[PDB]
$ cat model.pdb   # PDB, N, CA and C atoms
ATOM      1  N   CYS A   1       0.851  -1.178   0.000
ATOM      2  CA  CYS A   1       0.000   0.000   0.000
ATOM      3  C   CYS A   1       0.896   1.240   0.000
ATOM      4  N   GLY A   2       1.878   1.221   0.889
ATOM      5  CA  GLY A   2       2.807   2.333   1.000
ATOM      6  C   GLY A   2       2.311   3.361   2.020
ATOM      7  N   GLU A   3       1.035   3.245   2.356
ATOM      8  CA  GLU A   3       0.429   4.154   3.314
ATOM      9  C   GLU A   3       0.596   3.615   4.737
ATOM     10  N   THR A   4       0.410   4.506   5.698
ATOM     11  CA  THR A   4       0.537   4.136   7.098
ATOM     12  C   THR A   4      -0.776   4.394   7.839
ATOM     13  N   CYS A   5      -1.166   3.417   8.645
ATOM     14  CA  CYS A   5      -2.394   3.526   9.413
ATOM     15  C   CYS A   5      -2.026   3.806  10.871
ATOM     16  N   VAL A   6      -1.153   4.786  11.050
ATOM     17  CA  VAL A   6      -0.712   5.162  12.382
ATOM     18  C   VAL A   6      -1.924   5.584  13.216
ATOM     19  N   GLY A   7      -2.972   5.993  12.514
ATOM     20  CA  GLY A   7      -4.192   6.424  13.173
ATOM     21  C   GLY A   7      -5.070   5.225  13.540
ATOM     22  N   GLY A   8      -4.990   4.198  12.681
ATOM     23  CA  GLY A   8      -5.742   2.980  12.931
ATOM     24  C   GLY A   8      -6.615   2.619  11.727
ATOM     25  N   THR A   9      -6.370   3.317  10.628
ATOM     26  CA  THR A   9      -7.123   3.081   9.407
ATOM     27  C   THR A   9      -6.263   3.395   8.182
ATOM     28  N   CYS A  10      -6.735   2.933   7.033
ATOM     29  CA  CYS A  10      -6.022   3.155   5.786
ATOM     30  C   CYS A  10      -6.923   3.972   4.858
ATOM     31  N   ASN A  11      -6.296   4.884   4.130
ATOM     32  CA  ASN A  11      -7.025   5.733   3.203
ATOM     33  C   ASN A  11      -7.085   5.053   1.834
ATOM     34  N   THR A  12      -5.973   4.436   1.465
ATOM     35  CA  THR A  12      -5.885   3.747   0.189
ATOM     36  C   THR A  12      -6.893   2.597   0.134
ATOM     37  N   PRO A  13      -7.472   2.404  -1.070
ATOM     38  CA  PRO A  13      -8.621   1.526  -1.216
ATOM     39  C   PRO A  13      -8.201   0.056  -1.142
ATOM     40  N   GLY A  14      -8.934  -0.696  -0.333
ATOM     41  CA  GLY A  14      -8.650  -2.111  -0.165
ATOM     42  C   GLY A  14      -7.400  -2.320   0.693
ATOM     43  N   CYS A  15      -6.969  -1.239   1.327
ATOM     44  CA  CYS A  15      -5.793  -1.291   2.179
ATOM     45  C   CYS A  15      -6.255  -1.474   3.626
ATOM     46  N   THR A  16      -5.689  -2.484   4.271
ATOM     47  CA  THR A  16      -6.033  -2.775   5.652
ATOM     48  C   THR A  16      -5.033  -2.112   6.602
ATOM     49  N   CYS A  17      -5.509  -1.820   7.803
ATOM     50  CA  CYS A  17      -4.671  -1.189   8.808
ATOM     51  C   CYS A  17      -3.756  -2.256   9.411
ATOM     52  N   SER A  18      -2.564  -2.357   8.845
ATOM     53  CA  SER A  18      -1.547  -3.241   9.390
ATOM     54  C   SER A  18      -0.541  -2.435  10.215
ATOM     55  N   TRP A  19      -1.033  -1.881  11.313
ATOM     56  CA  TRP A  19      -0.228  -0.982  12.123
ATOM     57  C   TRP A  19       1.209  -1.505  12.121
ATOM     58  N   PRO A  20       2.170  -0.544  12.202
ATOM     59  CA  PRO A  20       1.830   0.864  12.098
ATOM     60  C   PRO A  20       1.519   1.249  10.651
ATOM     61  N   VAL A  21       1.850   0.338   9.746
ATOM     62  CA  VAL A  21       1.744   0.622   8.324
ATOM     63  C   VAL A  21       0.447   0.016   7.785
ATOM     64  N   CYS A  22       0.239   0.201   6.490
ATOM     65  CA  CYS A  22      -0.952  -0.320   5.840
ATOM     66  C   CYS A  22      -0.572  -1.600   5.093
ATOM     67  N   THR A  23      -1.596  -2.316   4.653
ATOM     68  CA  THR A  23      -1.383  -3.557   3.927
ATOM     69  C   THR A  23      -2.454  -3.733   2.848
ATOM     70  N   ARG A  24      -2.181  -4.654   1.935
ATOM     71  CA  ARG A  24      -3.109  -4.929   0.850
ATOM     72  C   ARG A  24      -3.296  -6.437   0.683
ATOM     73  N   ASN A  25      -4.530  -6.875   0.890
ATOM     74  CA  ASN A  25      -4.854  -8.285   0.766
ATOM     75  C   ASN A  25      -3.976  -9.093   1.723
ATOM     76  N   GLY A  26      -3.502  -8.413   2.757
ATOM     77  CA  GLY A  26      -2.653  -9.053   3.748
ATOM     78  C   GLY A  26      -1.194  -9.072   3.289
ATOM     79  N   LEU A  27      -0.868  -8.127   2.419
ATOM     80  CA  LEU A  27       0.484  -8.025   1.897
ATOM     81  C   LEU A  27       0.849  -6.550   1.720
ATOM     82  N   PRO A  28       2.033  -6.186   2.254
ATOM     83  CA  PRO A  28       2.396  -4.785   2.388
ATOM     84  C   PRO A  28       2.784  -4.188   1.032
ATOM     85  N   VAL A  29       1.781  -3.667   0.342
ATOM     86  CA  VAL A  29       2.001  -3.065  -0.961
ATOM     87  C   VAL A  29       1.087  -1.849  -1.118
TER      88      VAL A  29
END
$ encode --input "model.pdb" --output "structure tokens"
Amino acid sequence: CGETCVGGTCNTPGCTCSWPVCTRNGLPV
């Protein structure tokens, strides 16, 4: 995802909050 869910959520679509960073389909992209 490249995004960070330091807040507890992800802005990027289909991106999960994989604190501290974000994730995609359970994979950090």
$ resolve_selection --input "model.pdb" --expression "the PyMOL selection byres ((chain A and resi 1) around 7)" --output "list in words"
residues 2, 3, 4, 12, 15, 22, 23, 24, 27, 28 and 29 of chain A
$ resolve_selection --input "model.pdb" --expression "the PyMOL selection byres ((chain A and resi 5) around 8)" --output "compact mmCIF listing (two decimals) with N, CA and C atoms, in the coordinates of the input"
# COMPACT_ATOMS: atom_id res chain seq x y z
N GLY A 2 1.88 1.22 0.89
CA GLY A 2 2.81 2.33 1.00
C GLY A 2 2.31 3.36 2.02
N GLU A 3 1.03 3.24 2.36
CA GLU A 3 0.43 4.15 3.31
C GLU A 3 0.60 3.62 4.74
N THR A 4 0.41 4.51 5.70
CA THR A 4 0.54 4.14 7.10
C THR A 4 -0.78 4.39 7.84
N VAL A 6 -1.15 4.79 11.05
CA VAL A 6 -0.71 5.16 12.38
C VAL A 6 -1.92 5.58 13.22
N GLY A 7 -2.97 5.99 12.51
CA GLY A 7 -4.19 6.42 13.17
C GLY A 7 -5.07 5.22 13.54
N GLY A 8 -4.99 4.20 12.68
CA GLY A 8 -5.74 2.98 12.93
C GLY A 8 -6.62 2.62 11.73
N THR A 9 -6.37 3.32 10.63
CA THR A 9 -7.12 3.08 9.41
C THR A 9 -6.26 3.40 8.18
N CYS A 10 -6.74 2.93 7.03
CA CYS A 10 -6.02 3.16 5.79
C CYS A 10 -6.92 3.97 4.86
N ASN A 11 -6.30 4.88 4.13
CA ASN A 11 -7.02 5.73 3.20
C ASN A 11 -7.08 5.05 1.83
N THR A 16 -5.69 -2.48 4.27
CA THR A 16 -6.03 -2.78 5.65
C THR A 16 -5.03 -2.11 6.60
N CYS A 17 -5.51 -1.82 7.80
CA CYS A 17 -4.67 -1.19 8.81
C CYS A 17 -3.76 -2.26 9.41
N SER A 18 -2.56 -2.36 8.85
CA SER A 18 -1.55 -3.24 9.39
C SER A 18 -0.54 -2.44 10.22
N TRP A 19 -1.03 -1.88 11.31
CA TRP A 19 -0.23 -0.98 12.12
C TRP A 19 1.21 -1.50 12.12
N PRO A 20 2.17 -0.54 12.20
CA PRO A 20 1.83 0.86 12.10
C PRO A 20 1.52 1.25 10.65
N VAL A 21 1.85 0.34 9.75
CA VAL A 21 1.74 0.62 8.32
C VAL A 21 0.45 0.02 7.78
N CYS A 22 0.24 0.20 6.49
CA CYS A 22 -0.95 -0.32 5.84
C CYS A 22 -0.57 -1.60 5.09
N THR A 23 -1.60 -2.32 4.65
CA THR A 23 -1.38 -3.56 3.93
C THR A 23 -2.45 -3.73 2.85
$ select_by_dssp --input "model.pdb" --residues "chain A" --states "strand (DSSP E)" --output "PDB file with N, CA and C atoms, in the frame of the given file"
ATOM      1  N   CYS A  15      -6.969  -1.239   1.327  1.00  0.00           N
ATOM      2  CA  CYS A  15      -5.793  -1.291   2.179  1.00  0.00           C
ATOM      3  C   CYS A  15      -6.255  -1.474   3.626  1.00  0.00           C
ATOM      4  N   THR A  16      -5.689  -2.484   4.271  1.00  0.00           N
ATOM      5  CA  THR A  16      -6.033  -2.775   5.652  1.00  0.00           C
ATOM      6  C   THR A  16      -5.033  -2.112   6.602  1.00  0.00           C
ATOM      7  N   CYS A  17      -5.509  -1.820   7.803  1.00  0.00           N
ATOM      8  CA  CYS A  17      -4.671  -1.189   8.808  1.00  0.00           C
ATOM      9  C   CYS A  17      -3.756  -2.256   9.411  1.00  0.00           C
ATOM     10  N   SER A  18      -2.564  -2.357   8.845  1.00  0.00           N
ATOM     11  CA  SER A  18      -1.547  -3.241   9.390  1.00  0.00           C
ATOM     12  C   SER A  18      -0.541  -2.435  10.215  1.00  0.00           C
ATOM     13  N   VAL A  21       1.850   0.338   9.746  1.00  0.00           N
ATOM     14  CA  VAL A  21       1.744   0.622   8.324  1.00  0.00           C
ATOM     15  C   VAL A  21       0.447   0.016   7.785  1.00  0.00           C
ATOM     16  N   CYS A  22       0.239   0.201   6.490  1.00  0.00           N
ATOM     17  CA  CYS A  22      -0.952  -0.320   5.840  1.00  0.00           C
ATOM     18  C   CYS A  22      -0.572  -1.600   5.093  1.00  0.00           C
ATOM     19  N   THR A  23      -1.596  -2.316   4.653  1.00  0.00           N
ATOM     20  CA  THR A  23      -1.383  -3.557   3.927  1.00  0.00           C
ATOM     21  C   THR A  23      -2.454  -3.733   2.848  1.00  0.00           C
ATOM     22  N   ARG A  24      -2.181  -4.654   1.935  1.00  0.00           N
ATOM     23  CA  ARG A  24      -3.109  -4.929   0.850  1.00  0.00           C
ATOM     24  C   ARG A  24      -3.296  -6.437   0.683  1.00  0.00           C
TER      25      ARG A  24
END
$ build_atoms --input "model.pdb" --residues "stretch 5-16 of chain A" --atoms "N, CA, C and O atoms" --output "PDB file, keeping the file's coordinate frame"
ATOM      1  N   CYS A   5      -1.166   3.417   8.645  1.00  0.00           N
ATOM      2  CA  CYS A   5      -2.394   3.526   9.413  1.00  0.00           C
ATOM      3  C   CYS A   5      -2.026   3.806  10.871  1.00  0.00           C
ATOM      4  O   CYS A   5      -2.528   3.146  11.779  1.00  0.00           O
ATOM      5  N   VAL A   6      -1.153   4.786  11.050  1.00  0.00           N
ATOM      6  CA  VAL A   6      -0.712   5.162  12.382  1.00  0.00           C
ATOM      7  C   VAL A   6      -1.924   5.584  13.216  1.00  0.00           C
ATOM      8  O   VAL A   6      -1.886   5.533  14.444  1.00  0.00           O
ATOM      9  N   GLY A   7      -2.972   5.993  12.514  1.00  0.00           N
ATOM     10  CA  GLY A   7      -4.192   6.424  13.173  1.00  0.00           C
ATOM     11  C   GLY A   7      -5.070   5.225  13.540  1.00  0.00           C
ATOM     12  O   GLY A   7      -5.801   5.265  14.528  1.00  0.00           O
ATOM     13  N   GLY A   8      -4.990   4.198  12.681  1.00  0.00           N
ATOM     14  CA  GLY A   8      -5.742   2.980  12.931  1.00  0.00           C
ATOM     15  C   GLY A   8      -6.615   2.619  11.727  1.00  0.00           C
ATOM     16  O   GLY A   8      -7.468   1.738  11.817  1.00  0.00           O
ATOM     17  N   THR A   9      -6.370   3.317  10.628  1.00  0.00           N
ATOM     18  CA  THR A   9      -7.123   3.081   9.407  1.00  0.00           C
ATOM     19  C   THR A   9      -6.263   3.395   8.182  1.00  0.00           C
ATOM     20  O   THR A   9      -5.217   4.032   8.299  1.00  0.00           O
ATOM     21  N   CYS A  10      -6.735   2.933   7.033  1.00  0.00           N
ATOM     22  CA  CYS A  10      -6.022   3.155   5.786  1.00  0.00           C
ATOM     23  C   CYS A  10      -6.923   3.972   4.858  1.00  0.00           C
ATOM     24  O   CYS A  10      -8.135   3.764   4.823  1.00  0.00           O
ATOM     25  N   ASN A  11      -6.296   4.884   4.130  1.00  0.00           N
ATOM     26  CA  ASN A  11      -7.025   5.733   3.203  1.00  0.00           C
ATOM     27  C   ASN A  11      -7.085   5.053   1.834  1.00  0.00           C
ATOM     28  O   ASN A  11      -8.113   5.099   1.158  1.00  0.00           O
ATOM     29  N   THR A  12      -5.973   4.436   1.465  1.00  0.00           N
ATOM     30  CA  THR A  12      -5.885   3.747   0.189  1.00  0.00           C
ATOM     31  C   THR A  12      -6.893   2.597   0.134  1.00  0.00           C
ATOM     32  O   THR A  12      -7.128   1.925   1.137  1.00  0.00           O
ATOM     33  N   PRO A  13      -7.472   2.404  -1.070  1.00  0.00           N
ATOM     34  CA  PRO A  13      -8.621   1.526  -1.216  1.00  0.00           C
ATOM     35  C   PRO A  13      -8.201   0.056  -1.142  1.00  0.00           C
ATOM     36  O   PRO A  13      -7.248  -0.355  -1.802  1.00  0.00           O
ATOM     37  N   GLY A  14      -8.934  -0.696  -0.333  1.00  0.00           N
ATOM     38  CA  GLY A  14      -8.650  -2.111  -0.165  1.00  0.00           C
ATOM     39  C   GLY A  14      -7.400  -2.320   0.693  1.00  0.00           C
ATOM     40  O   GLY A  14      -6.870  -3.428   0.763  1.00  0.00           O
ATOM     41  N   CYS A  15      -6.969  -1.239   1.327  1.00  0.00           N
ATOM     42  CA  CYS A  15      -5.793  -1.291   2.179  1.00  0.00           C
ATOM     43  C   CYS A  15      -6.255  -1.474   3.626  1.00  0.00           C
ATOM     44  O   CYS A  15      -7.092  -0.717   4.114  1.00  0.00           O
ATOM     45  N   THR A  16      -5.689  -2.484   4.271  1.00  0.00           N
ATOM     46  CA  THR A  16      -6.033  -2.775   5.652  1.00  0.00           C
ATOM     47  C   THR A  16      -5.033  -2.112   6.602  1.00  0.00           C
ATOM     48  O   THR A  16      -3.880  -1.887   6.236  1.00  0.00           O
TER      49      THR A  16
END
